[PDB]
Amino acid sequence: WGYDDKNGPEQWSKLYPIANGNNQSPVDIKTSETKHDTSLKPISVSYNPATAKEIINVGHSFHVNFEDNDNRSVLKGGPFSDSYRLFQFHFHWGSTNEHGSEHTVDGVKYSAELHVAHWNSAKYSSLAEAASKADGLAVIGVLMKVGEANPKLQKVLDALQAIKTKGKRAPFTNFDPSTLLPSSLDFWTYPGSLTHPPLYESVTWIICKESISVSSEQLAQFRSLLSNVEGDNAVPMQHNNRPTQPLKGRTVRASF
């Protein structure tokens, strides 16, 4: 699977029938149809920069993974009773500035989107166990609006020249990804899925109302990562965003 004409989002259902399921992500958040939910607590993140582990070129994207053997780095609050353990963050982006985010807000497409993913360590003993459970994953998404260069992206951007081609990986340490979150954590929440195979309907989404910035030249660094292995002809990672999927009657809730 990928994001090409032949292996891309509109082909995924051939191998992953859940792609046409009832809790698929991302979605368009229509703000006139969201229902403010007064029981939603504030989102609380508390991450230890010592859990940051490694950065990896996974061919369609790159991931920054964290040690997840204990509760040094956790998400609590929001719609959750359980505490969720941080395991990764990564980005999605598009061919040009005009699209690139996965979620849209009232039809508006942003330039990129940051996903900070976590697994339910109150209920499950590993990411592998949690990843297929209805309540197993909690992902914060933050919409990225093209404009001013974002300095908090810096350590991440500087690391990519060491993982230029598919399968390359490098240590990436002492990094607290709450520094990338917008100053207000007001959010939307809905029940959905991983946005690429295997597309498990295991994700509680937490979408921030406030965007963060990214420059047109920062976006170019993402798109200059390569999806081919070292020594093959260079294939730029131009985009990795899935189109928005039908709500199928789920309700998007607002904390604000």
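Numbering starts at 1 and runs along the sequence shown.
Across the two stretches, 122-130 and 137-145, the PDB entry reports the greater mean Cα temperature factor for 122-130. Set 104-112 against 73-81 and average the Cα temperature factors; 73-81 ends up higher. Comparing C-alpha B-factors across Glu210, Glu217, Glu201, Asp68 in the deposited entry, the largest value falls on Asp68. In the deposited entry, the Cα temperature factor of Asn241 sits in the bottom third of values across the chain's modelled residues. In this PDB entry, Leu181 carries a Cα temperature factor that places it within the middle third of its chain's modelled residues. Per the deposited record, the Cα B-factor of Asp37 falls in the highest third when ranked against the other modelled residues of its chain.
In the PDB entry, a CA B factor belonging to the highest third of its chain's modelled residues is recorded for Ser95.
In this PDB entry, the Cα temperature factor of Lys152 sits in the top third of its chain's modelled residues, the highest group.
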